[PDB]
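Asker: Take a look at the following structure, please.
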Amino acid sequence: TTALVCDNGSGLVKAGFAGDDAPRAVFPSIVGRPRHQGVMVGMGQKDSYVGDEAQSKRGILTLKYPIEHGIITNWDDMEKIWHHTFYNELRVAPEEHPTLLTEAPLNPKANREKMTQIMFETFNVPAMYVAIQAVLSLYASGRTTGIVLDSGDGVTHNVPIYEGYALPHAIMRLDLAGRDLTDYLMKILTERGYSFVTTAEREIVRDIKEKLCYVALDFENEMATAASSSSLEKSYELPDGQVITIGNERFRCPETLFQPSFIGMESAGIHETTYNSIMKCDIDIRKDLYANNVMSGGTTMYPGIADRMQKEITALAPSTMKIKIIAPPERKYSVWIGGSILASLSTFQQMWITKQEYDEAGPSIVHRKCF
Amino acid sequence: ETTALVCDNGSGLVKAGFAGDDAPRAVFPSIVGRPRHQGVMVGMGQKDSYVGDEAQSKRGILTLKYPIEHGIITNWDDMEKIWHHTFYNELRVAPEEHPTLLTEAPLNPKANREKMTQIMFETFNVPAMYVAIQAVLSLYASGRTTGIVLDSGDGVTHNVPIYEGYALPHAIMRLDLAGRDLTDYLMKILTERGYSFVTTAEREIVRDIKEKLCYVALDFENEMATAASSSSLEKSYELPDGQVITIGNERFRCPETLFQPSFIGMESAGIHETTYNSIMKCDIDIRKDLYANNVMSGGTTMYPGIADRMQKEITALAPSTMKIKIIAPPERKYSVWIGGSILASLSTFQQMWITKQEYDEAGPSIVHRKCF
Amino acid sequence: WXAXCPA
Amino acid sequence: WXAXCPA
Amino acid sequence: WXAXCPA
Amino acid sequence: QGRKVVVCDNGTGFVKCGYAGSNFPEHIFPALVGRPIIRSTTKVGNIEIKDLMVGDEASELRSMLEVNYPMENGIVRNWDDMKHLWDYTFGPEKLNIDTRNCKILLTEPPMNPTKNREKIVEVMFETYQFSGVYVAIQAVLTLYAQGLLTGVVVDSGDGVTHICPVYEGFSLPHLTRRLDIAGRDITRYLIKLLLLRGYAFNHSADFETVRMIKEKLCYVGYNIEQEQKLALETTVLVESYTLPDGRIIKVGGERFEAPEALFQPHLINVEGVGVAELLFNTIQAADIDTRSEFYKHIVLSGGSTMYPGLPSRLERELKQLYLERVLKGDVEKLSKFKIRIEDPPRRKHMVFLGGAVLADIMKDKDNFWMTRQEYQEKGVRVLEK
Ligand SMILES: Nc1ncnc2c1ncn2[C@@H]1O[C@H](COP(=O)(O)OP(=O)(O)O)[C@@H](O)[C@H]1O
Ligand SMILES: Nc1ncnc2c1ncn2[C@@H]1O[C@H](COP(=O)(O)OP(=O)(O)O)[C@@H](O)[C@H]1O
Ligand SMILES: Nc1ncnc2c1ncn2[C@@H]1O[C@H](COP(=O)(O)OP(=O)(O)O)[C@@H](O)[C@H]1O
Ligand SMILES: [Mg+2]
Ligand SMILES: [Mg+2]
Ligand SMILES: [Mg+2]
């Protein structure tokens with residue numbers, strides 16, 4: 001009667017039924033194992049606490065993210081998380097309904113083939129499909145033309161689009177994402193006087209950034225006002241009760257997106273990459289692309305990011321037209337909403353890939369299925 | 001004043017040497033790199049700017065940028081720096097001692113020519129110079145007076161039909177597709193295989209890989225089918241770090257972009273189609289001569305089997321009642337420089353130069369009327 | 001280029 | 001990744 | 001240190 | 001100025017001082033501080049003593065002293081203790097230098113809070129009123145003693161380890177990492193283990209007692225499995241040391257596993273990845289043109305790296321990483337890979353050599369230091385970097 005849409009986000013997993021406006025399962029992608037001897041034999045010990053629980057008891061586990069910068073590194077962890085989400089949380093058998101999967105652009109074909117083979121062989125799903133997060137973002141936004149800023153936890157990419165067609169030759173993928181920002185935040189927090197190394201403190205710093213970070217319209221002016229540090233410093237309460245005061249670090253780490261040179265990467269910022277991508281497009285569609293700029297992902301919720309992007313683009317672009325930035329307040333789950341809407345479409349009921357055709361043809365079929 | 005220097009500002013490489021020699025005396029890529037890090041050590045205040053083979057050697061800590069893009073200069077400071085380097089450090093010849101010869105692609109903006117002439121006459125105060133076209137020098141090097149030139153360089157590909165003692169300026173076609181786009185497409189496909197390359201150092205690495213392990217395919221579909229049976233076509237390359245990369249279909253995929261520009265998304269035609277259109281636009285009688293002689297030059301046309309594929313495509317498109325011959329000299333890389341040297345050595349050309357007196361009295365616009 | 005295309 | 005970058 | 005570790 | 005410069009490394013465990021243009025340090029003393037204490041157990045006063053004593057004398061008379069360490073991991077705990085130590089070393093019996101017309105060189109650890117640097121520079125400018133000072137990174141102070149413009153430093157010592165790779169001279173700040181392992185910790189662990197053996201130890205002075213035993217007996221292994229099997233199948237590796245009181249202790253197995261914490265931080269409750277693994281990861285995360293040059297040239301700096309067998313373990317681990325994470329076990333292509341660890345004989349003191357050579361040529365020109373004049377102004381500090 002319905003289908004399930006699963007988004008294997010680089011740092012989080014979103015899943016739910018096709019038709020619902022909100023996901024029914026939102027847990028981070030953590031597959032933790034005990035570090036200590038395994039000494040206790042009573043009430044509850046399990047070889048690998050992977051999943052939602054892992055966050056609660058992270059203090060005695062070596063948390064490892066199965067997916068790194070959009071590409072899977074450990075297949076056992078991914079299969080374990082898939083099994084957990086399908087059974088423990090959703091409690092829906094794979095055979096009952098099909099599954100929808102999404103992945104970042106410009107990914108290796110090996111990952112796609114392995115994922116399709118595992119899905120068709122292990123869980124024997126009746127049918128499935130592979131799509132792109134940006135197109136689902138367009139579907140969720142209810143628009144047919146624009147440029148997508150899919151700045152996820154692991155990968156940031158853009159895909160120019162036009163009415164009824166796309167431009168595969170103008171796709172740019174940047175490895176910079178939330179994980180690098182967290183690493184830089186840890187490094188600077190070290191320069192302040194607070195040290196964080198293990199993965200538990202990695203989660204702590206991730207929460208701190210999620211709660212007390214914002215972008216700066218002007219870097220130099222903000223630094224000068226920080227020189228007069230009497231109205232910008234803020235305090236955060238650690239689990240142990242210790243209080244940490246954060247000043248310039250609030251608006252320093254986000255600036256790494258516009259200044260990749262801070263981490264040492266010889267690349268350009270998101271504004272420069274979007275400008276280059278739009279310039280590579282045809283002249284006529286440049287106006288439409290400028291007039292519509294959709295952004296999505298968990299790395300673009302920092303207040304003031306839209307204003308800074310607008311200012312930078314207008315400064316770079318000619319000052320004779322109007323540039324508009326659209327920032328929906330629900331961009332976190334835009335990909336899932338788009339996937340659900342696409343699945344609900346009547347015309348898409350035949351585009352699925354079934355077991356019979358997959359077995360007769362082979363894993364290479366998915367490669368030709370909408371690129 | 002005994003000889004002259006010929007410099008070819010290639011889109012990706014620079015060729016220079018004395019007039020009379022059969023081989024260039026200076027062959028280095030056009031790279032103007034600057035440090036990207038901060039610098040800590042104190043016993044070094046070295047060369048804020050880096051050019052030439054030095055830049056290639058230490059490319060790992062520099063932001064390499066090509067001064068020339070698709071045949072048109074973008075940064076004049078970099079070009080002047082490379083000119084100074086080539087003149088002094090490598091050639092070690094003062095500009096005043098001998099004149100200089102410059103070459104450029106056809107259908108280039110007049111602003112570039114005027115700026116180049118002004119800089120050459122003002123900064124280095126060269127006694128005289130001239131501006132020419134790479135294709136005509138290719139003809140001079142080939143020792144022929146009639147044919148069609150396929151000057152597929154690193155930045156620009158163009159054709160210029162010619163006849164005995166005259167040219168056809170109204171049948172010149174210039175295509176922006178060149179080696180740089182091929183390298184970008186190769187990077188994109190290498191990403192689809194599983195190998196990632198973004199920065200300029202890996203750009204040079206992929207350029208070398210293409211230079212060493214790329215070839216054209218007579219039939220695309222047959223080659224793809226044989227790739228489906230991938231047990232005799234895959235080849236391995238050794239990276240500087242020691243990692244080994246296996247390349248299969250990518251060897252014969254990127255070159256096909258020349259015949260199928262739609263791969264990159266450009267709404268244009270292939271080299272075969274453009275040459276056919278250019279020859280058709282010419283007069284009927286000279287079509288036979290143009291078919292009988294087809295000179296090609298440039299660094300983008302060294303792929304083995306390219307000549308055979310071009311011959312097959314042209315014969316298929318052209319009527320099957322005459323003979324089409326492709327001439328592929330094994331030294332087409334430096335054909336332009338050889339032609340420039342031969343032209344400079346010509347006695348009749350000793351008076352066609354442009355000197356400082358006439359340039360100053362007339363102005364920069366003189367070069368525009370000098371042989372178009 | 002200056003207008004149209006990059007170069 | 002396999003070559004270039006980690007993943 | 002002040003936070004994390006002693007020093 | 002007086003054309004007089006003294007180079008010091010006010011580290012954590014030991015403090016070294018000396019003049020510029022000197023092959024070897026003139027004076028070497030440790031950082032020991034302790035107020036007088038009387039132990040009812042045994043021993044009474046024999047010779048003279050003072051209320052506050054530090055320096056080498058502590059190493060000989062710690063029996064009747066409450067020895068404490070002022071600095072660990074290169075960070076400030078006790079301002080007064082460091083002030084007393086600085087007064088002692090600057091007194092007329094350790095250095096005997098004129099503060100008002102002298103210059104000094106300081107080597108603070110990389111990746112430390114700016115507060116320590118600010119406090120130390122302010123103290124030097126105010127309490128002692130030095131005309132000028134400087135702060136340098138261990139990278140130059142090490143690579144400059146043998147003429148190397150490129151390499152990776154694995155400097156390890158009391159406190160924490162650090163790494164500061166440099167390619168063609170230019171710095172690479174984004175490729176440095178810190179771990180919570182050092183000699184002091186290896187000591188805490190020789191201790192939990194000899195405790196198991198059945199000996200009760202304190203944390204006042206015996207901490208210094210185990211130093212000599214670790215220096216003589218403790219050693220690192222080549223292969224953990226073979227050495228463990230040898231230990232459990234044989235008892236020839238047993239050895240002892242004569243304690244100051246004449247007591248004799250047996251240590252045959254604990255002397256081997258203590259250094260293993262360097263490659264296995266799990267043993268001491270640290271989520272580390274290993275020195276060799278960390279080095280491999282750091283090299284890999286860089287660009288490509290620099291990986292081969294970094295591997296070719298590598299240095300083993302610091303007194304805590306003088307353990308016998310560390311170079312062999314490190315090179316073997318690096319080769320294993322190269323084999324497994326790159327070639328997937330293809331040994332044939334692994335033969336040509338080459339590594340040459342740089343282990344100068346003077347690995348006990350190399351930073352002082354670098355400072356001396358730096359001051360040899362960086363003394364005539366006055367545009368190098370933080371001159372006293374700039375201190376009196378506001379909007380100051382971060383003069384150079
Ligand atoms: N409220 C927030 N503010 C800033 N960053 C956030 C916030 N919520 C999540 N993030 C960041 O966005 C990431 C969420 O993962 P995400 O961006 O959605 O990758 P994906 O798009 O592939 O699911 C997290 O790494 C987190 O650092
Ligand atoms: N041995 C080679 N094999 C294949 N391509 C090559 C080879 N050498 C150069 N090339 C290609 O030819 C280009 C340079 O040739 P070149 O003629 O100097 O460009 P230009 O016409 O602007 O002077 C390079 O970009 C490179 O891609
Ligand atoms: N031979 C040794 N064996 C084991 N550890 C040693 C040895 N020599 C020194 N160490 C350890 O190295 C630490 C200090 O080394 P060092 O680098 O000289 O301190 P610093 O960095 O201030 O110069 C000492 O605390 C000691 O525990
Ligand atoms: Mg995503
Ligand atoms: Mg050329
Ligand atoms: Mg030291």
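Residue names in the structure tokens use chain letters A, B, ... in the order shown, residue numbers from 1 in each chain, and ligand numbers from 1 in the order shown.
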May I have the residues of chain F within 7 Å of chain B, counting only C-alpha atoms, written as JSON, numbers by chain?
Answerer: {"F": [140, 169, 170, 171, 172, 287, 288, 289, 290, 291, 292, 326]}
Asker: Kindly export the residues of the current selection with N, CA, C and O atoms, as an mmCIF file, in the first residue's frame.
Answerer:
```
data_model
loop_
_atom_site.group_PDB
_atom_site.id
_atom_site.type_symbol
_atom_site.label_atom_id
_atom_site.label_comp_id
_atom_site.auth_asym_id
_atom_site.auth_seq_id
_atom_site.Cartn_x
_atom_site.Cartn_y
_atom_site.Cartn_z
ATOM 1 N N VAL F 140 61.834 24.408 14.274
ATOM 2 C CA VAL F 140 63.084 25.060 13.894
ATOM 3 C C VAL F 140 64.198 24.654 14.845
ATOM 4 O O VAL F 140 65.324 24.368 14.421
ATOM 5 N N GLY F 169 60.243 23.712 4.083
ATOM 6 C CA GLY F 169 60.339 24.824 5.023
ATOM 7 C C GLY F 169 59.018 25.404 5.478
ATOM 8 O O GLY F 169 58.807 25.605 6.673
ATOM 9 N N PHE F 170 58.120 25.679 4.536
ATOM 10 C CA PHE F 170 56.844 26.288 4.884
ATOM 11 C C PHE F 170 56.063 25.388 5.832
ATOM 12 O O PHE F 170 56.033 24.165 5.674
ATOM 13 N N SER F 171 55.430 26.007 6.825
ATOM 14 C CA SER F 171 54.748 25.261 7.867
ATOM 15 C C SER F 171 53.446 24.660 7.346
ATOM 16 O O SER F 171 52.864 25.118 6.358
ATOM 17 N N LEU F 172 52.994 23.613 8.032
ATOM 18 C CA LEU F 172 51.736 22.931 7.729
ATOM 19 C C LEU F 172 50.948 22.789 9.026
ATOM 20 O O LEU F 172 50.832 21.690 9.584
ATOM 21 N N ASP F 287 48.726 16.270 1.196
ATOM 22 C CA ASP F 287 48.723 16.108 -0.247
ATOM 23 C C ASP F 287 49.563 14.890 -0.623
ATOM 24 O O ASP F 287 50.005 14.114 0.229
ATOM 25 N N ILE F 288 49.787 14.718 -1.922
ATOM 26 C CA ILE F 288 50.514 13.551 -2.402
ATOM 27 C C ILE F 288 52.000 13.833 -2.591
ATOM 28 O O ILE F 288 52.837 13.004 -2.217
ATOM 29 N N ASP F 289 52.350 14.985 -3.163
ATOM 30 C CA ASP F 289 53.749 15.260 -3.467
ATOM 31 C C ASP F 289 54.595 15.294 -2.200
ATOM 32 O O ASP F 289 55.819 15.125 -2.259
ATOM 33 N N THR F 290 53.963 15.504 -1.046
ATOM 34 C CA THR F 290 54.686 15.641 0.209
ATOM 35 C C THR F 290 54.807 14.334 0.983
ATOM 36 O O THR F 290 55.647 14.247 1.885
ATOM 37 N N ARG F 291 53.999 13.323 0.658
ATOM 38 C CA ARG F 291 54.018 12.083 1.431
ATOM 39 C C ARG F 291 55.373 11.391 1.329
ATOM 40 O O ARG F 291 55.947 10.966 2.339
ATOM 41 N N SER F 292 55.897 11.265 0.108
ATOM 42 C CA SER F 292 57.167 10.572 -0.078
ATOM 43 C C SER F 292 58.304 11.312 0.612
ATOM 44 O O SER F 292 59.154 10.695 1.263
ATOM 45 N N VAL F 326 47.437 0.113 1.799
ATOM 46 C CA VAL F 326 47.704 0.628 0.460
ATOM 47 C C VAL F 326 47.806 -0.525 -0.531
ATOM 48 O O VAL F 326 47.068 -0.572 -1.522
#
```
Asker: Excluding same-chain residues fewer than 2 positions from residue 356 in chain B, what lies within 9 Å of it counting only C-alpha atoms, as a list in words?
Answerer: residues 121, 125, 126, 127, 128, 354, 358, 359, 360 and 361 of chain B
Asker: Throw together the list of residues within 9 Å of ligand 6, counting only C-alpha atoms and all ligand atoms, and drop it here as an mmCIF file with N, CA and C atoms, in the first residue's frame.
Answerer:
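Final output, part.cif:
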```cif
data_model
loop_
_atom_site.group_PDB
_atom_site.id
_atom_site.type_symbol
_atom_site.label_atom_id
_atom_site.label_comp_id
_atom_site.auth_asym_id
_atom_site.auth_seq_id
_atom_site.Cartn_x
_atom_site.Cartn_y
_atom_site.Cartn_z
ATOM 1 N N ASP F 9 64.904 26.222 27.904
ATOM 2 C CA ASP F 9 63.698 25.479 27.539
ATOM 3 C C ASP F 9 63.001 25.110 28.843
ATOM 4 N N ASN F 10 62.171 26.021 29.347
ATOM 5 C CA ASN F 10 61.480 25.792 30.608
ATOM 6 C C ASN F 10 60.360 24.783 30.405
ATOM 7 N N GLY F 11 60.727 23.539 30.112
ATOM 8 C CA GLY F 11 59.749 22.504 29.866
ATOM 9 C C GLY F 11 59.075 22.039 31.138
ATOM 10 N N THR F 12 58.698 20.762 31.179
ATOM 11 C CA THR F 12 57.956 20.202 32.302
ATOM 12 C C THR F 12 58.861 19.428 33.253
ATOM 13 N N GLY F 13 59.557 18.418 32.742
ATOM 14 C CA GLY F 13 60.384 17.576 33.580
ATOM 15 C C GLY F 13 61.710 18.216 33.931
ATOM 16 N N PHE F 14 62.536 18.469 32.920
ATOM 17 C CA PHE F 14 63.872 19.010 33.108
ATOM 18 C C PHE F 14 63.971 20.384 32.463
ATOM 19 N N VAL F 15 64.847 21.216 33.019
ATOM 20 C CA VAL F 15 65.087 22.567 32.530
ATOM 21 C C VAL F 15 66.554 22.676 32.142
ATOM 22 N N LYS F 16 66.808 23.156 30.928
ATOM 23 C CA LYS F 16 68.155 23.295 30.398
ATOM 24 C C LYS F 16 68.436 24.757 30.093
ATOM 25 N N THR F 107 61.211 28.253 24.260
ATOM 26 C CA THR F 107 60.676 27.234 23.356
ATOM 27 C C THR F 107 59.438 26.634 24.016
ATOM 28 N N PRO F 109 55.756 24.691 24.034
ATOM 29 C CA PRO F 109 55.267 23.570 23.238
ATOM 30 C C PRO F 109 54.257 24.039 22.208
ATOM 31 N N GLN F 138 59.419 24.111 18.357
ATOM 32 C CA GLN F 138 60.411 23.044 18.377
ATOM 33 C C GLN F 138 60.858 22.638 16.979
ATOM 34 N N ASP F 155 58.530 14.641 18.255
ATOM 35 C CA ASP F 155 59.021 15.064 19.560
ATOM 36 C C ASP F 155 58.137 14.536 20.680
ATOM 37 N N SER F 156 58.743 13.778 21.589
ATOM 38 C CA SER F 156 58.053 13.221 22.741
ATOM 39 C C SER F 156 58.869 13.499 23.992
ATOM 40 N N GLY F 157 58.182 13.892 25.055
ATOM 41 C CA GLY F 157 58.840 14.186 26.305
ATOM 42 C C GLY F 157 57.831 14.252 27.427
ATOM 43 N N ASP F 158 58.319 14.631 28.605
ATOM 44 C CA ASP F 158 57.448 14.771 29.762
ATOM 45 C C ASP F 158 56.301 15.715 29.435
ATOM 46 N N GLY F 302 63.430 14.237 21.290
ATOM 47 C CA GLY F 302 62.965 14.154 22.658
ATOM 48 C C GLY F 302 63.695 13.080 23.444
ATOM 49 N N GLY F 303 63.874 13.338 24.742
ATOM 50 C CA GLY F 303 64.552 12.385 25.602
ATOM 51 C C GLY F 303 63.730 11.156 25.928
ATOM 52 N N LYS F 348 69.449 13.613 23.640
ATOM 53 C CA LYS F 348 69.092 14.101 24.966
ATOM 54 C C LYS F 348 68.892 15.610 24.965
ATOM 55 N N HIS F 349 69.597 16.325 24.091
ATOM 56 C CA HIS F 349 69.488 17.780 24.019
ATOM 57 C C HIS F 349 69.795 18.207 22.591
ATOM 58 N N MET F 350 68.763 18.634 21.863
ATOM 59 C CA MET F 350 68.932 19.129 20.502
ATOM 60 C C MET F 350 68.300 20.508 20.363
ATOM 61 N N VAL F 351 67.263 20.775 21.161
ATOM 62 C CA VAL F 351 66.615 22.083 21.124
ATOM 63 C C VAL F 351 67.603 23.173 21.513
ATOM 64 N N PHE F 352 68.430 22.906 22.526
ATOM 65 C CA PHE F 352 69.438 23.877 22.929
ATOM 66 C C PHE F 352 70.411 24.156 21.791
#
```
Asker: Dump the neighbourhood of ligand 1 as a ChimeraX atom specification: all residues within 7 Å, distances computed on only C-alpha atoms and all ligand atoms.
Answerer: /A:8-13,150-154,178-179,206,209-211,297-302,332
Asker: Filtering to N, CA and C atoms, could you give me those residues as a PDB file, in the first residue's frame?
Answerer:
```pdb
ATOM      1  N   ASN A   8      20.286   7.774   3.959  1.00  0.00           N
ATOM      2  CA  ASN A   8      21.509   7.405   4.671  1.00  0.00           C
ATOM      3  C   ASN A   8      22.418   8.631   4.768  1.00  0.00           C
ATOM      4  N   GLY A   9      21.994   9.573   5.607  1.00  0.00           N
ATOM      5  CA  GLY A   9      22.772  10.782   5.795  1.00  0.00           C
ATOM      6  C   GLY A   9      24.137  10.487   6.383  1.00  0.00           C
ATOM      7  N   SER A  10      25.110  11.324   6.018  1.00  0.00           N
ATOM      8  CA  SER A  10      26.486  11.108   6.452  1.00  0.00           C
ATOM      9  C   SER A  10      26.623  11.105   7.968  1.00  0.00           C
ATOM     10  N   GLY A  11      25.706  11.752   8.685  1.00  0.00           N
ATOM     11  CA  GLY A  11      25.785  11.817  10.132  1.00  0.00           C
ATOM     12  C   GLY A  11      24.499  11.427  10.830  1.00  0.00           C
ATOM     13  N   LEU A  12      23.413  11.288  10.073  1.00  0.00           N
ATOM     14  CA  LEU A  12      22.116  10.957  10.643  1.00  0.00           C
ATOM     15  C   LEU A  12      21.311  10.153   9.632  1.00  0.00           C
ATOM     16  N   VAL A  13      20.340   9.400  10.145  1.00  0.00           N
ATOM     17  CA  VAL A  13      19.484   8.539   9.339  1.00  0.00           C
ATOM     18  C   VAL A  13      18.044   8.999   9.506  1.00  0.00           C
ATOM     19  N   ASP A 150      23.124  21.614  -1.110  1.00  0.00           N
ATOM     20  CA  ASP A 150      22.916  20.462  -0.231  1.00  0.00           C
ATOM     21  C   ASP A 150      24.169  20.269   0.617  1.00  0.00           C
ATOM     22  N   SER A 151      24.300  21.118   1.634  1.00  0.00           N
ATOM     23  CA  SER A 151      25.448  21.082   2.539  1.00  0.00           C
ATOM     24  C   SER A 151      25.107  20.153   3.696  1.00  0.00           C
ATOM     25  N   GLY A 152      25.402  18.867   3.515  1.00  0.00           N
ATOM     26  CA  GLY A 152      25.141  17.866   4.525  1.00  0.00           C
ATOM     27  C   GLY A 152      26.268  17.760   5.535  1.00  0.00           C
ATOM     28  N   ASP A 153      26.165  16.737   6.386  1.00  0.00           N
ATOM     29  CA  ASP A 153      27.182  16.524   7.409  1.00  0.00           C
ATOM     30  C   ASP A 153      28.481  15.996   6.817  1.00  0.00           C
ATOM     31  N   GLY A 154      28.417  15.350   5.654  1.00  0.00           N
ATOM     32  CA  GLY A 154      29.591  14.734   5.069  1.00  0.00           C
ATOM     33  C   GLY A 154      30.026  15.333   3.747  1.00  0.00           C
ATOM     34  N   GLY A 178      30.156  19.196   7.882  1.00  0.00           N
ATOM     35  CA  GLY A 178      30.087  19.437   9.313  1.00  0.00           C
ATOM     36  C   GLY A 178      31.211  18.794  10.101  1.00  0.00           C
ATOM     37  N   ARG A 179      31.695  17.633   9.655  1.00  0.00           N
ATOM     38  CA  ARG A 179      32.741  16.938  10.402  1.00  0.00           C
ATOM     39  C   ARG A 179      34.025  17.760  10.456  1.00  0.00           C
ATOM     40  N   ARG A 206      29.857  18.701  19.058  1.00  0.00           N
ATOM     41  CA  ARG A 206      28.837  18.785  18.018  1.00  0.00           C
ATOM     42  C   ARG A 206      27.579  19.455  18.554  1.00  0.00           C
ATOM     43  N   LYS A 209      28.256  23.221  19.071  1.00  0.00           N
ATOM     44  CA  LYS A 209      28.160  23.941  17.806  1.00  0.00           C
ATOM     45  C   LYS A 209      26.710  24.068  17.360  1.00  0.00           C
ATOM     46  N   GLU A 210      25.927  22.999  17.517  1.00  0.00           N
ATOM     47  CA  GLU A 210      24.525  23.051  17.125  1.00  0.00           C
ATOM     48  C   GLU A 210      23.763  24.109  17.910  1.00  0.00           C
ATOM     49  N   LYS A 211      24.196  24.403  19.135  1.00  0.00           N
ATOM     50  CA  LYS A 211      23.439  25.286  20.015  1.00  0.00           C
ATOM     51  C   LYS A 211      23.973  26.711  20.077  1.00  0.00           C
ATOM     52  N   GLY A 297      19.961  20.875   3.933  1.00  0.00           N
ATOM     53  CA  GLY A 297      20.993  20.208   4.699  1.00  0.00           C
ATOM     54  C   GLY A 297      21.078  20.729   6.117  1.00  0.00           C
ATOM     55  N   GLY A 298      21.728  19.971   6.997  1.00  0.00           N
ATOM     56  CA  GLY A 298      21.848  20.358   8.385  1.00  0.00           C
ATOM     57  C   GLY A 298      22.961  21.330   8.696  1.00  0.00           C
ATOM     58  N   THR A 299      23.810  21.646   7.722  1.00  0.00           N
ATOM     59  CA  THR A 299      24.939  22.544   7.921  1.00  0.00           C
ATOM     60  C   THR A 299      24.610  23.987   7.555  1.00  0.00           C
ATOM     61  N   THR A 300      23.374  24.265   7.140  1.00  0.00           N
ATOM     62  CA  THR A 300      22.976  25.589   6.678  1.00  0.00           C
ATOM     63  C   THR A 300      21.878  26.187   7.552  1.00  0.00           C
ATOM     64  N   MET A 301      21.809  25.777   8.817  1.00  0.00           N
ATOM     65  CA  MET A 301      20.839  26.321   9.758  1.00  0.00           C
ATOM     66  C   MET A 301      21.401  27.469  10.585  1.00  0.00           C
ATOM     67  N   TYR A 302      22.661  27.830  10.384  1.00  0.00           N
ATOM     68  CA  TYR A 302      23.252  28.912  11.160  1.00  0.00           C
ATOM     69  C   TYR A 302      22.537  30.221  10.839  1.00  0.00           C
ATOM     70  N   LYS A 332      15.854  20.704   7.100  1.00  0.00           N
ATOM     71  CA  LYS A 332      16.528  19.521   7.623  1.00  0.00           C
ATOM     72  C   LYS A 332      15.972  18.247   6.998  1.00  0.00           C
TER      73      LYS A 332
END
```
Asker: Using only C-alpha atoms and all ligand atoms, find each residue with an atom at most 6 Å away from ligand 2 and format the answer as number ranges by chain.
Answerer: B: 10-13, 153-155, 179, 211, 298-300, 302-303, 333
Asker: Restricting the output to N, CA and C atoms, write the selected residues as a compact mmCIF listing (two decimals), in the first residue's frame.
Answerer:
```txt
# COMPACT_ATOMS: atom_id res chain seq x y z
N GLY B 10 52.11 29.03 -26.03
CA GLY B 10 51.10 27.98 -26.05
C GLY B 10 50.20 28.05 -24.83
N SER B 11 48.94 27.63 -25.03
CA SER B 11 47.95 27.71 -23.96
C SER B 11 48.36 26.92 -22.73
N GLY B 12 49.21 25.91 -22.88
CA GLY B 12 49.63 25.09 -21.76
C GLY B 12 51.13 24.92 -21.64
N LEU B 13 51.87 25.34 -22.67
CA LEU B 13 53.31 25.19 -22.69
C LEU B 13 53.93 26.33 -23.49
N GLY B 153 45.40 22.64 -30.11
CA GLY B 153 46.30 22.92 -29.02
C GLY B 153 45.70 22.58 -27.67
N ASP B 154 46.41 22.98 -26.62
CA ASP B 154 45.94 22.71 -25.26
C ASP B 154 44.76 23.59 -24.89
N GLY B 155 44.62 24.75 -25.53
CA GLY B 155 43.58 25.69 -25.17
C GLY B 155 42.54 25.93 -26.25
N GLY B 179 42.63 20.49 -24.68
CA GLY B 179 43.11 19.52 -23.72
C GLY B 179 42.61 19.75 -22.31
N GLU B 211 48.50 11.76 -20.87
CA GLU B 211 49.58 11.79 -21.85
C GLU B 211 50.19 10.41 -22.05
N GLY B 298 49.70 20.22 -33.19
CA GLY B 298 49.27 20.47 -31.83
C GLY B 298 49.52 19.28 -30.92
N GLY B 299 49.50 19.51 -29.61
CA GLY B 299 49.76 18.46 -28.65
C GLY B 299 48.57 17.58 -28.32
N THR B 300 47.38 17.92 -28.82
CA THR B 300 46.17 17.16 -28.53
C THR B 300 45.87 16.11 -29.60
N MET B 302 48.21 13.67 -30.70
CA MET B 302 49.22 12.62 -30.66
C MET B 302 48.64 11.26 -30.26
N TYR B 303 47.35 11.19 -29.99
CA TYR B 303 46.75 9.92 -29.59
C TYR B 303 46.85 8.92 -30.74
N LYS B 333 54.48 18.29 -32.57
CA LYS B 333 54.44 19.07 -31.34
C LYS B 333 55.12 20.42 -31.53
```
